[PDB]
Amino acid sequence: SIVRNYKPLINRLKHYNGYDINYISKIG
Amino acid sequence: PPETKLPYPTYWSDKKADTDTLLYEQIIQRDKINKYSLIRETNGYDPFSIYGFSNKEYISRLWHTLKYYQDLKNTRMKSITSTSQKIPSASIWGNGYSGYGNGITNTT
Amino acid sequence: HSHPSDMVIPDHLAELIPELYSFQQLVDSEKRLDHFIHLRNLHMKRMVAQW
Amino acid sequence: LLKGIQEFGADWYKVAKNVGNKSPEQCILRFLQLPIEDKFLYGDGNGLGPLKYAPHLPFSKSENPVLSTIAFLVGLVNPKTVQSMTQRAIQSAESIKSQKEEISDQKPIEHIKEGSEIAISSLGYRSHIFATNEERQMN
Amino acid sequence: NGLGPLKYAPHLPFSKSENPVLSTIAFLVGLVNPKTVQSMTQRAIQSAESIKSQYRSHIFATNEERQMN
Amino acid sequence: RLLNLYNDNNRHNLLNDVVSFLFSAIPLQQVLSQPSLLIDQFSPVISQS
Amino acid sequence: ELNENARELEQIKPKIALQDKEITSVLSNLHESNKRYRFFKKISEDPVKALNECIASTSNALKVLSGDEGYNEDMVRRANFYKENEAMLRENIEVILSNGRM
Amino acid sequence: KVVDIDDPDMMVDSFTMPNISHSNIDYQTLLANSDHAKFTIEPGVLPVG
Amino acid sequence: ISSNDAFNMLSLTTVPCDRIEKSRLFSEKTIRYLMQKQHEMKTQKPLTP
């Protein structure tokens, strides 16, 4: 027998406030 | 023990609600929610509109705005060059003063 | 590229942390020292030119 | 619940473990005398301005943003100073029915208003703690 | 009350997934009365100070740090 | 009013300040520390000071 | 002796340069942590007004970084704005009409 | 033997319990970990927005 | 960016306000320096014609 483990979700922040402001700032 | 796909999320806690099972329910529900909202957070729904807030629609709008302003600057340089060669050209700012008192703008 | 205003402790940090006041004093004392040493150098050169 | 609050403080997993058959968020939300499921309050969607337009899945799988945020923000602040902060929180094993009767006959929006007041005050208190630690770092 | 976050419609720097607390609080700040919030946070600070009770006293607390200063 | 606001035997603080400012404008330590090029570049300000 | 003193100065200088580098680094860190302290203090002293100010400033920063300008849309869709700015509107309407732009 | 199944809706036997009963950390460690590129959130224990 | 990071540290950290420890006020370098200087200060011609 083997156990099936579900490991919860750990994430790093992708955007700053829903947006990535580096690219937005370039284009702006 | 074959896989069973886990019917409706609160399936477990409806039989002898415990602390660990309830914590497990909370965890899996919030994980699903987080994943779906992140996918919609940056991309958006299948219909694609430039008046969208997501991330890709905002940057698409910025790119289109930049392209418009670049071609506008091109026409402005065209106007300057054409007026330098003594060919009167119209401008995005108008003619200024026309032939009256205050003379004529739209010279070099 | 370093800016001459980096060394300024504005006015309100120094009354939140009083030691910053004393820090400024130390800086000023150092200046005195430097100038004194500078003068000494000049003086010594002059004496040699005399001798 | 009240014994576990007396023994452990701001460690709500051990409080729930003591309770046996409940989740830490439910223990926090009963400690403040608030419901769950978020629909018994502001189920519409005019006291609450922009909450009308907040999206929600119909007929199934309710999510509670407001109550979850409240239980999270108050779960950080040492239940004793919470009991000192507001009178809504349960304060002793004998004060349960008294306080339940006193909160009775309130408008459904009064519950939201009091919950959010407790939450934002907890956030301000935590920010004060962070301010003192920043002063320490400056020194 | 007010429109709240919706008041800034074209530019809304909120993230339900990444910053879940700030969006909820942005919706909630409209309901509350701010004076009671000030009173409650001041009560919290005073109660914390009284619990720990039983010059920069808050910065230099241990006996050794005062002597080092 | 303005003179009392500035000086607050606290008299001739303005004279002292003006002359100390004028003296501090002559780059003595910098030119003497190292020499012809620097004084060639600074002769106008030294002259007028 | 002049040469000896010059030698000792030239030997002592590099450590002083290193310590000046470290001093500037520490000063920058002090500025950053003072920023953070002011932030947290403002939030703790009046939380509701502080949170409103924070939201407004973040939205305006996004607007400015995108290269955007103009009026707030929610303010100018309402009729009070046009019964309060009566004189401005009158002057503008006359100027636009008399020039043939309206 | 274990398996990292990593899919929410399939029936499982166990789950990695998240960080719920913490231990003392100092303020400077929080300052170091709060930066972007080192900050991680665990949405199972945070509120929904 | 910095305001984003500060608010993330404030609100998105699941650490009670008690479990946050205090950090040091004196690094060990300054402690060593202070003790050394205390020692050295514990150890510590009228114009002849």
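Calculation criteria
- In this document, every chain is numbered from 1 following its sequence as written, which may not correspond to the numbering used in the entry; residues for which no coordinates exist are not shown.
- Chains carry letters and ligands carry numbers; both start at the beginning, A for chains and 1 for ligands, and go up in the order they are written.
- Taken together, the chains in view make up part of a larger assembly, and the values describe this part alone.
- Note that the side-chain values use all heavy atoms of the structure and ignore hydrogens as well as water.
- Per the convention used, a helix needs a DSSP run of H or I reaching at least four residues, while a strand needs a run of E reaching at least two, with both numbered from the N terminus.
- Relative accessibility decides the category of a residue: with a 1.4 Å probe and only protein chains considered, values under 20% of the type maximum give buried, values over 50% give exposed, and everything between is partly exposed.
- Note on areas: these come from Shrake-Rupley sampling with a 1.4 Å probe, and a residue is covered only by the protein chains present in the view.
- Whether two residues are in contact is decided by their heavy atoms: any pair within 4.5 Å suffices.
- For any pair of parts, buried area is found by adding up, for both, the accessible area (1.4 Å probe) each one loses once the two are put together.
- Should a side-chain nitrogen of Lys or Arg be within 4 Å of a carboxyl oxygen of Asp or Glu, the pair is scored as a salt bridge.
- Under this definition, polar contacts are N or O atom pairs within 3.5 Å; protein pairs additionally need one hydrogen-donor-capable and one acceptor-capable atom, and for neighbouring residues in sequence, both atoms have to be side-chain atoms.
- As a working rule, the residues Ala, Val, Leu, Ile, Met, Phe, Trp, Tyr, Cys and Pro are called nonpolar, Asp, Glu, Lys and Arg charged, and the rest polar, with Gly in that last group.
- Note on ring pairs: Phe, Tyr and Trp rings are taken, using the six-membered ring of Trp, and paired if centres are within 6.5 Å. Classes follow the plane angle, with under 30 degrees stacked, over 60 edge-to-face and the rest tilted.
- A ring is scored as having a charge over it whenever the NZ atom of a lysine or the CZ atom of an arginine sits within 6 Å of its centre and within 35 degrees of its normal.
- In this analysis, the expected span of each helix is defined as 1.5 Å times one less than the number of residues it contains.
- Axes are fitted to the seven residues ending at a residue and to the seven starting at it; the angle between these axes is taken as the bend at that residue.

cryo-EM is the method the PDB entry lists for this structure, together with a resolution of 2.89 Å.

Looking only at helices and strands, chain F has four helices and zero strands in total. Dimensions of chain F, computed from the C-alpha atoms along their principal axes, are close to 45 × 20 × 10 Å. Counting every position in chain F, which comprises 49 residues, the buried fraction comes to 6%. Approximately 4500 Å² of chain F is accessible, and the part contributed by carbon and sulfur atoms is 59%.

Of note, the phi angle at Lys 86 of chain B is positive, near 60°, even though the residue is not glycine. Mapped onto the secondary structure, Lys 86 of chain B falls in the segment after helix 2 (56-84). Look at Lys 86 of chain B and you get exposed, because its relative accessible area is 76%. For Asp 6 of chain H, which is not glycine, the phi torsion reads 65° and is therefore positive. By secondary structure assignment, the location of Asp 6 of chain H is in the loop between strand 1 (2-3) and strand 2 (14-15).

This brings us to the interface of chain E and chain D. With 30 residues of chain E at the interface, the matching set in chain D holds 30 residues. Counting the surface lost from both chain E and chain D, the interface buries some 2700 Å², and carbon and sulfur atoms represent 69% of this. The three residues of chain E that bury the most area against chain D are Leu 28, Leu 31 and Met 40 of chain E, which together make up 21% of that side's buried surface. Remark: the boundary between chain E and chain D carries two salt bridges. The tally of links between chain E and chain D comes to 10 residue pairs in polar contact. When contributions to the side of chain E that touches chain D are tallied by element, the ones reaching two or more residues are helix 1 (20-28) and helix 2 (34-53) of chain E. A per-element tally of the side of chain E that touches chain D places helix 2 of chain E first, with 10 residues. Residue composition of the side of chain E that touches chain D, by class: 17 nonpolar, nine polar and four charged.

For the coordinates displayed, the defined rule picks out 12 aromatic pairs over all chains. Chaining the aromatic ring pairs together yields one cluster made of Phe 130 of chain D, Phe 39 and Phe 40 of chain G together with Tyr 27 of chain H. Note that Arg 61 of chain B overlies the ring of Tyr 58 of chain B, its terminal NZ or CZ placed 4.7 Å from the centroid.

A separate point is the pattern of salt bridges. Throughout the structure, instances matching the rule amount to 15 salt bridges over all chains. The shortest N-O distance in the salt bridge between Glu 19 of chain C and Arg 56 of chain E comes to 2.8 Å. Taken together, the residues span two chains, with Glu 19 of chain C in helix 2 (residues 19-50) and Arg 56 of chain E in the loop between helix 2 and helix 3 (63-68). Judged by relative accessible area, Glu 19 of chain C falls into the partly exposed class, the value being 31%.

Here the focus is helix 4 (residues 36-48) of chain F. Because an α-helix packs 3.6 residues into every turn, residues spaced three or four apart end up facing the same way. Between its terminal C-alpha atoms helix 4 of chain F stretches 19 Å, which fits the 18 Å expected from 13 residues at 1.5 Å a residue. In helix 4 of chain F, a bend of some 60° at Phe 42 of chain F exceeds every other bend along the element, and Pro 44 of chain F, a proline, comes one to four places later.

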